[PDB]
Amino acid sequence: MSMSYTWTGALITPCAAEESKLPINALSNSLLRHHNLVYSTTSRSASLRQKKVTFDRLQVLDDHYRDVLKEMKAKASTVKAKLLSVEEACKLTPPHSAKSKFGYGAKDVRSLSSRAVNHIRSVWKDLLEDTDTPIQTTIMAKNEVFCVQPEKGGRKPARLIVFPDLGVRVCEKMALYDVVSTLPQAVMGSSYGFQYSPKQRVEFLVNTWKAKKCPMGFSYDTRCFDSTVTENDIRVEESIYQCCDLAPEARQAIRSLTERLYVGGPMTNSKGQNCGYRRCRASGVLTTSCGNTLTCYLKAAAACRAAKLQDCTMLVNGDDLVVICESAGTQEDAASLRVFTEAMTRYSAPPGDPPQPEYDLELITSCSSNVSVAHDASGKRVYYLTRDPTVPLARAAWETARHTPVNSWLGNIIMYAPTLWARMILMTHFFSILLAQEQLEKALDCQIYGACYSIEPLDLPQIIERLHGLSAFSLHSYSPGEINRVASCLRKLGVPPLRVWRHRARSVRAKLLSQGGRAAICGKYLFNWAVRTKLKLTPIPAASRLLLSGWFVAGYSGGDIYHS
């Protein structure tokens, strides 16, 4: 019986200028034409999200709960985590990270400047000596682009982001970075979804589905997960971390950061005004992904035991949960789900949209995607993940008409490379401009699982072949449903139908060819689909000579992480 937030009256303010509408770049229209369906959320709607996230939490724990928890601790107690030298942690800080309120900035932290490392050290020392005073935090409204869908009641309010000053953030890395990158995997084995690259996630889903006599799966959408995480949920997370073999110093920091940061604390807007008090999960700390995954898995697994799902498998990614089990008859299934929801609700994690049993894999949506099918060169059946490309496109359009620090279009191209909307529209549309500006060599930033990475377009082919396999360049005969969903979308937004992109693709693939080197290996593999005479595509050598290690290991959303 504790509120997720208390508010003072202070508005959530923006620090910069917030553009809500698409500018009208002549280039933007080379992609999307109905630029009035595209929109970005601003701190103008923050008060609506505030109502949504502010609620009371009732939570009753039980035997199933305690049994699973105990099993988790057991596995946790077999993990050993080290600390991180100020230096080591400083390197994990993104070049563009928010500057500290204490004189220095991101580059100063990255460049191990003196003033910075001195504050970072005073902060660390303060964590060891004071284990009670609530650390201060800032609450900003996020600004993400979407498309207008009248079927949902128009537009959606901006999401909130709550984070601590850069000093603290670098400490968090020193104390927990190694833990949140190892504890998760060790406690929930194969259920931990961040250990998989696209090719592996698909493989884990299909295999698990096909491994059931009469498969039955569902996705469980939790209404505002972060807001439901109770203080006991966070102290429980801590007790799990504490199971690891930690340095007496790392233990004091972890305990101190839990009591002072994670379990809640006060918030101020950009103007330094007292905004409110948080008593639920902070969206912008390092343990956000690890914490949500651990806690989402804990409750879910215990609910499976109250509902009696038969031989079930779970795949968790933060607050995103998908469950596949053995069917017990459509009616018994519907009922096992209602008890599942009832158990979850008791664990302080009610849902938004109530879960619904599904019997067709390709009709399940987890991590905003679904399995679909296509065929490789030798006409073999190949599975891959995809989604409605509306948002992806509406954003790929906004990022063409306004410069953005991190661009999703490159993340989508990588993660959804085998899809047809990514290959015929994204690759085509972008490698296009990266020629009308000669930037095939210029590295660009993008996020994956939260971690930030610097990637060069000219390396996409090797990368893709690594996450999706070589088939991803020769997939044909896509399922009609999919082909149709994309086409339907393109018509909605105003994006030239697939045929137009086929033409553009042949062209682009050309200027890229009559440019040889690497720009021609991209036009060769990334566009072998826009030419009748299809050249033979074989294993890329420079595809092995690349370690994508850090990539798919753990999740770091809101963790202010930068991988190099």
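Residue positions are given as counts along the sequence shown, with the first one as 1.
167-175 and 426-434 differ in mean CA B-factor, and the higher of the two is recorded for 426-434. The deposited model assigns a higher average Cα B-factor to 105-113 than to the other stretch when 301-309 and 105-113 are compared. Each of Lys70, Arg57, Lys524, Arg44 has a CA temperature factor in the record; the biggest one is found at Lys524. When the C-alpha B factors of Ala81, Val236, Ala394, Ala374 are read from the deposited coordinates, the top value falls at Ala81.
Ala10: CA B factor in the lowest third of modelled residues in this chain (values from the PDB entry). In the deposited entry, the Cα temperature factor of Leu48 places it in the middle third of its chain's modelled residues. Ranked by C-alpha B-factor against the other modelled residues of its chain, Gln149 falls in the highest third.
When the modelled residues of the chain are ordered by their C-alpha B factor, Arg260 lands in the lowest third. The PDB entry assigns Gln242 a C-alpha temperature factor belonging to the middle third of its chain's modelled residues.
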